[PDB]
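Asks: Below is one structure. I have some questions about it.
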Amino acid sequence: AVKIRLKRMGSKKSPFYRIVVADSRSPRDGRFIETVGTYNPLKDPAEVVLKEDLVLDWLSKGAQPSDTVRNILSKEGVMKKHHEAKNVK
Amino acid sequence: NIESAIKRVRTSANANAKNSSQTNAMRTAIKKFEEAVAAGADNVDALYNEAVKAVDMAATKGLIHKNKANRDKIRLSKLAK
Amino acid sequence: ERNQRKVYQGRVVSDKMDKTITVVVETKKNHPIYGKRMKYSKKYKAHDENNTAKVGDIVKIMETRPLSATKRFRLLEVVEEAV
RNA sequence: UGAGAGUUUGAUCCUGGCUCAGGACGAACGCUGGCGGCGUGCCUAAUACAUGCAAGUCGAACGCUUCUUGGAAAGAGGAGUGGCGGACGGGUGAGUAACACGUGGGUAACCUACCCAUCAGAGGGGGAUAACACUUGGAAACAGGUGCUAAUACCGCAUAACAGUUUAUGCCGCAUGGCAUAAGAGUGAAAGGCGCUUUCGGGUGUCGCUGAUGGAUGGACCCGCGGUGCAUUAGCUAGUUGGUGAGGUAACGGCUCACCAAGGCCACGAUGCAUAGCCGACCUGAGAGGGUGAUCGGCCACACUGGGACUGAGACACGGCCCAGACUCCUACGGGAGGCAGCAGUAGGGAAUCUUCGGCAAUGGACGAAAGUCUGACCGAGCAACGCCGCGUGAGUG
RNA sequence: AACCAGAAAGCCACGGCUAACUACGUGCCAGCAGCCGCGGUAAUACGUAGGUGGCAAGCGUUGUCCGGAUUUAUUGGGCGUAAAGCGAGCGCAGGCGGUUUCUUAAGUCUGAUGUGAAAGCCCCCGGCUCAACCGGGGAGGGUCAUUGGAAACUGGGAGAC
């Protein structure tokens, strides 16, 4: 049930998130397995940083990004590269 | 208190009932086999094979794990000959 | 097989039992506060299926798997037999 | 990155004790008071708890019932079978001096629903029941009986050995053995649903269904090392220690049984008694060290007190079941119901610690094909100078 | 954008340690103190007044932990008379050991790899009008595990004096 998602780090009104691949049972800000970049919703346009290598293996080994991270991965040519390099073999 | 689990109680009750029944049947099959060799008379193989059937069916259709199944098949074949 | 276990060497204390000896390892340590080299010891328990080794003898062992209630080591070879 | 002072004497030097100047806090109380910014708030009784919420979901698995527009479909409800999740998420620190924890290693003794990948299948049959209709007993909680009905519910028949074991052949290793390929053997499985092509088409897309093997996540067991007071606490142990055999467990093993032999641990602190949950960390210090383990993260353990197991991949189960016990409540006396150490609130204790609030807009979870529903997790709002940071209660000449 | 100096300062202390002094009042009574100690008729020590000093939306008192304590002395103390050599021997266990050649490599130093969660303390950079706070990136911590070297010191082996 490994499933990469977001994690809230802001203080009181100004949030902040870092994309972090974690098990599904563990709590929101509980433990995790490892971090994969971050993303700031504040200050539109939303600024984002990734590795683009950790993800292209944590999906290959199988993981289900939730909705928001799926958007932010599509806007980064990630999903495209996966669906490209896999549905063809 | 009890809100929507009262259904779970009934489900588990019935499941336990039929499970106990089937596993009792399996035990009785094995036990009827064991006495045969000590009796030493004929009718030594048909019940043996029926016992193997019992073990396999109880393993798959019912449930033990998978492992006891192999273990029991082994200690039985060692006993048949 | 790709790695090993905690092979220790040591000398036998007492081997009254069947297929089973009692090796004692020994080593020295440093005090927490002071720097004086104290020394303490352990008493392990091995399994020799033919009662080869005898008392007051040096041997070497290897950790195997829970083989009894408190008996989990294996004998390899009597390095320096004594009499 | 290392500061000292006062006090024994008629006055002196030395040894020596007591006291003071510095920091910090989940703090309390005494006088005093405008705010903004971010934090924190039962340490005592793991005491007893009125009140409201804190876990459901699926009509695209299946048959029913009530409606709003004699046949009509749609929409609206309600109960039930069946599936998944209630073992997560939140709470508390009573127990615990041990593999419980921190750290480094082992499993040639191991399990793993949903997720991803590959291969092989998905044939053919049968008997039931809740609902519902009638009906019997009960204050109640709820128990029966009679008759009919569906399924991806259930049961047997098939075919599948890629699993296991036995043999043979070869490769290798930490004894036990591991790996490949060939054989010889007894044996086990299953479900359809929504759609497209609808010339009977019978072919298909997609979510499900069963056997096998990997990946990933998670769980279990073993071992070295390390963290506390007493020796006005010296011996402790008869399943104990070892063996043969059997039984059993995901799995090795005195885990348990029958037989055999008398072992095992202790001055390098066993046994006993007493206090404490452990760690990342915080406080202080020149530094070595000393003292604390509240907010935040990880683990372990407990659910009124003590036992037991069922369903299940996963519990001996935090709002699940059964028994015993103390307490509270209702009876028509025959009998039943109950557990805030979930979020708020109440009484009690104490020097001392708040609102019976708004909302799923974000993030996260559960179910669902999807809309969606649930979410006191959470996000925010409210109170208290409790902590830290910033700024005023004016300025020029006079 | 408008209007108003307008609604907005208390607390502890002043004999020495310690920064900051004089009147009036009481007269070993009232009372105060952390320790020295003040109070029996001219009190900088008790009480009020007026001055002064320290902090300031805070200020004081109590309780608790570390410091100063070299007062448990590893860094870092001592035993004639100040507290302190057992009344003296014999001695198992233990602690420590003459000199030299070769050897080994446990202790020792050193190299590579893994590993020491995240948030903390620290370093650089960055964002809220600055600060707390928040964000990115780096180091530190093992007495750890595996593996390669050196051979002076201590230890283990064969020797010679």
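Chain labels run A, B, ... following the order of the structure tokens; each chain numbers its residues from 1, and ligands are numbered from 1 in the order shown.
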Per residue of chain C within 12 Å of chain D, what are the shortest atom pair and its distance in Å to one decimal, counting only C-alpha atoms (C1' of nucleotides), with rows by chain and residue number, as CSV?
Replies:
```
residue,atom,partner,partner_atom,distance
C:1,CA,D:173,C1',6.3
C:2,CA,D:174,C1',8.8
C:3,CA,D:174,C1',7.7
C:4,CA,D:174,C1',5.9
C:5,CA,D:106,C1',7.3
C:6,CA,D:224,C1',8.5
C:7,CA,D:174,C1',10.0
C:8,CA,D:224,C1',11.1
C:14,CA,D:263,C1',11.4
C:15,CA,D:242,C1',10.7
C:16,CA,D:263,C1',8.4
C:17,CA,D:242,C1',5.9
C:18,CA,D:242,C1',6.3
C:19,CA,D:243,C1',8.4
C:20,CA,D:242,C1',7.6
C:21,CA,D:242,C1',10.3
C:22,CA,D:264,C1',11.1
C:26,CA,D:268,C1',10.9
C:27,CA,D:268,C1',11.5
C:28,CA,D:268,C1',11.1
C:29,CA,D:225,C1',11.5
C:32,CA,D:226,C1',10.9
C:33,CA,D:288,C1',9.8
C:34,CA,D:288,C1',11.8
C:38,CA,D:268,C1',9.4
C:39,CA,D:268,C1',7.7
C:40,CA,D:268,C1',5.3
C:41,CA,D:268,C1',7.0
C:42,CA,D:268,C1',9.3
C:43,CA,D:265,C1',10.3
C:44,CA,D:223,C1',11.7
C:45,CA,D:242,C1',11.2
C:46,CA,D:242,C1',11.6
C:47,CA,D:175,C1',10.3
C:48,CA,D:175,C1',10.0
C:49,CA,D:175,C1',9.7
C:61,CA,D:174,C1',11.2
C:62,CA,D:174,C1',8.3
C:63,CA,D:223,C1',8.1
C:64,CA,D:174,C1',8.3
C:65,CA,D:222,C1',6.7
C:66,CA,D:252,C1',5.9
C:67,CA,D:253,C1',6.2
C:68,CA,D:253,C1',5.3
C:69,CA,D:253,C1',6.3
C:70,CA,D:253,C1',9.2
C:71,CA,D:242,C1',9.7
C:72,CA,D:222,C1',9.2
C:73,CA,D:223,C1',10.7
C:74,CA,D:175,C1',8.2
C:75,CA,D:175,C1',9.2
C:76,CA,D:175,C1',9.1
```
Asks: Counting only C-alpha atoms (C1' of nucleotides), a student should be able to say which residues of chain D come within 10 Å of chain B; what is the right answer, written as a list in words?
Replies: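 Going by the stated atoms only, the list reads residues 55, 56, 86, 111, 163, 164, 165, 186, 187, 188, 189, 249, 250, 310, 311, 312, 319, 320, 321, 338 and 339 of chain D.
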Asks: Counting only C-alpha atoms (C1' of nucleotides), what are the residues of chain D within 8 Å of chain A, and for each of them which pair of atoms is the nearest and at what distance in Å, to one decimal? Sort the table by chain and rising number, as CSV.
Replies:
```
residue,atom,partner,partner_atom,distance
D:88,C1',A:25,CA,5.7
D:89,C1',A:27,CA,6.8
D:114,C1',A:1,CA,6.9
D:115,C1',A:1,CA,5.4
D:116,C1',A:62,CA,4.5
D:215,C1',A:61,CA,6.5
D:216,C1',A:61,CA,6.4
D:217,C1',A:2,CA,6.2
D:297,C1',A:30,CA,7.5
D:363,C1',A:8,CA,6.8
D:364,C1',A:28,CA,5.4
```
Asks: Can you list every residue of chain A that has an atom at most 9 Å from chain E, with its nearest atom pair and the distance in Å to one decimal, using only C-alpha atoms (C1' of nucleotides), ordered by chain then number, as a tab-separated table?
Replies:
```
residue	atom	partner	partner_atom	distance
A:9	CA	E:134	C1'	9.0
A:10	CA	E:134	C1'	7.0
A:11	CA	E:134	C1'	6.9
A:14	CA	E:134	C1'	8.5
A:16	CA	E:135	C1'	8.7
A:31	CA	E:118	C1'	7.7
A:32	CA	E:118	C1'	8.8
```
Asks: Mind writing the picked residues with C-alpha atoms as an mmCIF file, in the first residue's frame?
Replies:
```
data_model
loop_
_atom_site.group_PDB
_atom_site.id
_atom_site.type_symbol
_atom_site.label_atom_id
_atom_site.label_comp_id
_atom_site.auth_asym_id
_atom_site.auth_seq_id
_atom_site.Cartn_x
_atom_site.Cartn_y
_atom_site.Cartn_z
ATOM 1 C CA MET A 9 5.221 21.710 7.202
ATOM 2 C CA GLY A 10 4.013 25.317 7.405
ATOM 3 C CA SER A 11 3.434 27.038 10.683
ATOM 4 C CA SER A 14 1.539 29.800 5.532
ATOM 5 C CA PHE A 16 4.485 24.253 2.948
ATOM 6 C CA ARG A 31 7.128 8.577 9.578
ATOM 7 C CA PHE A 32 7.930 7.793 5.962
#
```
Asks: Residues at most 9 Å from stretch 154-160 of chain E, counting only C-alpha atoms (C1' of nucleotides), excluding those fewer than 3 positions away in the same chain, as a PDB file with C-alpha atoms (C1' of nucleotides), in the first residue's frame?
Replies:
```pdb
ATOM      1  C1'   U E 100      68.623  -9.135  24.207  1.00  0.00           C
ATOM      2  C1'   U E 101      67.396 -11.996  18.821  1.00  0.00           C
ATOM      3  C1'   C E 102      63.523 -13.814  15.755  1.00  0.00           C
ATOM      4  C1'   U E 103      58.146 -14.106  15.362  1.00  0.00           C
ATOM      5  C1'   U E 104      52.748 -12.974  15.572  1.00  0.00           C
ATOM      6  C1'   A E 106      45.004  -9.237  20.441  1.00  0.00           C
ATOM      7  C1'   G E 107      45.644  -3.896  22.495  1.00  0.00           C
TER       8        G E 107
END
```
Asks: Using only C-alpha atoms (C1' of nucleotides), determine which residues lie at most 9 Å from residue B:37, disregarding the query and same-chain residues fewer than 4 positions distant; provide the list as a PyMOL selection string.
Replies: chain B and resi 33+41-42+44+79-80
Asks: For the residues selected in the previous step, produce a file with N, CA and C atoms as a PDB file, in the first residue's frame.
Replies:
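Result saved to out.pdb:
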```pdb
ATOM      1  N   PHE B  33      -8.101 -43.309   9.109  1.00  0.00           N
ATOM      2  CA  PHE B  33      -6.984 -43.941   8.420  1.00  0.00           C
ATOM      3  C   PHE B  33      -6.022 -44.579   9.403  1.00  0.00           C
ATOM      4  N   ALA B  41      -5.110 -55.306   8.701  1.00  0.00           N
ATOM      5  CA  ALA B  41      -5.876 -56.063   7.725  1.00  0.00           C
ATOM      6  C   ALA B  41      -5.898 -55.295   6.408  1.00  0.00           C
ATOM      7  N   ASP B  42      -6.699 -55.764   5.459  1.00  0.00           N
ATOM      8  CA  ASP B  42      -6.748 -55.153   4.141  1.00  0.00           C
ATOM      9  C   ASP B  42      -7.528 -53.848   4.241  1.00  0.00           C
ATOM     10  N   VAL B  44      -6.369 -50.866   2.969  1.00  0.00           N
ATOM     11  CA  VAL B  44      -5.284 -50.039   3.469  1.00  0.00           C
ATOM     12  C   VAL B  44      -5.027 -48.814   2.602  1.00  0.00           C
ATOM     13  N   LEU B  79       3.898 -43.111   6.799  1.00  0.00           N
ATOM     14  CA  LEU B  79       3.213 -44.121   7.587  1.00  0.00           C
ATOM     15  C   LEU B  79       2.611 -45.215   6.719  1.00  0.00           C
ATOM     16  N   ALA B  80       2.042 -44.853   5.566  1.00  0.00           N
ATOM     17  CA  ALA B  80       1.451 -45.857   4.688  1.00  0.00           C
ATOM     18  C   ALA B  80       2.473 -46.921   4.322  1.00  0.00           C
TER      19      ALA B  80
END
```
Asks: Give me, as a PyMOL selection string, the residues of chain A that a backbone DSSP run labels strand (DSSP E).
Replies: chain A and resi 3-5+20-22+34-35+38-40+47-49
Asks: For the selection you just gave me, I'd like the residues written to a file as a short mmCIF file (atom, residue, chain, number, x, y, z; two decimals), in the first residue's frame, keeping N, CA, C and O atoms.
Replies:
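This is the output file result38.cif:
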```cif
data_model
loop_
_atom_site.label_atom_id
_atom_site.label_comp_id
_atom_site.auth_asym_id
_atom_site.auth_seq_id
_atom_site.Cartn_x
_atom_site.Cartn_y
_atom_site.Cartn_z
N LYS A 3 2.41 4.56 -1.22
CA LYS A 3 1.65 5.55 -1.99
C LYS A 3 2.20 6.93 -1.68
O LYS A 3 2.05 7.41 -0.55
N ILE A 4 2.80 7.58 -2.67
CA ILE A 4 3.49 8.85 -2.46
C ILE A 4 2.48 9.98 -2.38
O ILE A 4 1.47 9.98 -3.08
N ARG A 5 2.75 10.96 -1.53
CA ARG A 5 1.77 11.99 -1.26
C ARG A 5 2.49 13.21 -0.69
O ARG A 5 3.72 13.32 -0.80
N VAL A 20 6.69 13.23 -0.42
CA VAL A 20 7.33 12.22 0.40
C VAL A 20 6.62 10.89 0.24
O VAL A 20 5.45 10.76 0.58
N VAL A 21 7.34 9.90 -0.28
CA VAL A 21 6.79 8.58 -0.54
C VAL A 21 6.73 7.82 0.77
O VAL A 21 7.77 7.53 1.37
N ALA A 22 5.53 7.47 1.21
CA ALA A 22 5.33 6.88 2.52
C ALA A 22 4.34 5.74 2.41
O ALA A 22 3.59 5.63 1.45
N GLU A 34 11.10 7.88 2.44
CA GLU A 34 12.09 8.85 1.99
C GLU A 34 11.39 10.03 1.34
O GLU A 34 10.22 9.95 0.97
N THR A 35 12.13 11.12 1.21
CA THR A 35 11.61 12.35 0.62
C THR A 35 11.94 12.40 -0.86
O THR A 35 12.96 11.89 -1.32
N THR A 38 10.02 18.86 -3.14
CA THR A 38 9.01 19.62 -2.42
C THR A 38 8.27 20.53 -3.39
O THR A 38 8.55 20.56 -4.59
N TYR A 39 7.32 21.29 -2.85
CA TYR A 39 6.45 22.11 -3.68
C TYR A 39 5.73 23.13 -2.81
O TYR A 39 5.15 22.77 -1.79
N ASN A 40 5.77 24.39 -3.24
CA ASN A 40 5.19 25.48 -2.48
C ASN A 40 3.91 25.97 -3.14
O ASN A 40 3.98 26.62 -4.19
N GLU A 47 5.92 26.88 -7.15
CA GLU A 47 7.27 26.44 -7.46
C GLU A 47 7.49 25.04 -6.92
O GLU A 47 7.02 24.70 -5.84
N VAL A 48 8.20 24.22 -7.70
CA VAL A 48 8.31 22.79 -7.43
C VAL A 48 9.72 22.33 -7.73
O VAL A 48 10.35 22.80 -8.68
N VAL A 49 10.23 21.41 -6.91
CA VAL A 49 11.52 20.77 -7.14
C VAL A 49 11.34 19.26 -7.00
O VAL A 49 10.65 18.79 -6.09
#
```
Asks: Can you pull out every residue within 10 Å of residue D:382, counting only C-alpha atoms (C1' of nucleotides), but drop anything in the same chain fewer than 2 positions away, and send it as a PyMOL selection string?
Replies: chain D and resi 354-355+357
Asks: Residues as selected, N, CA and C atoms (P, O5', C5', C4', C3', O3' and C1' of nucleotides), written as a PDB file, in the first residue's frame, can you do that?
Replies:
```pdb
ATOM      1  P     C D 354      -8.919  23.909  33.214  1.00  0.00           P
ATOM      2  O5'   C D 354      -9.812  24.695  32.158  1.00  0.00           O
ATOM      3  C5'   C D 354     -10.348  25.972  32.483  1.00  0.00           C
ATOM      4  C4'   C D 354     -10.257  26.946  31.333  1.00  0.00           C
ATOM      5  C3'   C D 354     -11.426  26.925  30.350  1.00  0.00           C
ATOM      6  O3'   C D 354     -11.769  28.251  29.971  1.00  0.00           O
ATOM      7  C1'   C D 354      -9.395  26.585  29.193  1.00  0.00           C
ATOM      8  P     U D 355     -13.314  28.657  29.845  1.00  0.00           P
ATOM      9  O5'   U D 355     -13.695  28.238  28.359  1.00  0.00           O
ATOM     10  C5'   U D 355     -14.680  27.241  28.112  1.00  0.00           C
ATOM     11  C4'   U D 355     -15.457  27.519  26.850  1.00  0.00           C
ATOM     12  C3'   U D 355     -16.514  26.478  26.486  1.00  0.00           C
ATOM     13  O3'   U D 355     -17.634  27.111  25.878  1.00  0.00           O
ATOM     14  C1'   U D 355     -14.951  26.660  24.738  1.00  0.00           C
ATOM     15  P     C D 357     -19.686  22.176  21.635  1.00  0.00           P
ATOM     16  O5'   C D 357     -19.455  23.338  20.569  1.00  0.00           O
ATOM     17  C5'   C D 357     -20.018  24.623  20.787  1.00  0.00           C
ATOM     18  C4'   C D 357     -19.535  25.655  19.796  1.00  0.00           C
ATOM     19  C3'   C D 357     -19.348  25.195  18.361  1.00  0.00           C
ATOM     20  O3'   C D 357     -20.566  25.100  17.643  1.00  0.00           O
ATOM     21  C1'   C D 357     -17.502  26.511  19.016  1.00  0.00           C
TER      22        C D 357
END
```
Asks: Quick one: everything within 9 Å of stretch 71-77 of chain A, counting only C-alpha atoms (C1' of nucleotides), minus sequence neighbours fewer than 2 positions away in the same chain. Send it as a PyMOL selection string.
Replies: chain A and resi 39+48+50+52+67-69+79-82
Asks: When DSSP works through the backbone of this structure, what residues of stretch 31-78 of chain B end up as helix (DSSP H, G or I), shown as a ChimeraX atom specification?
Replies: /B:31-39,46-60,67-78
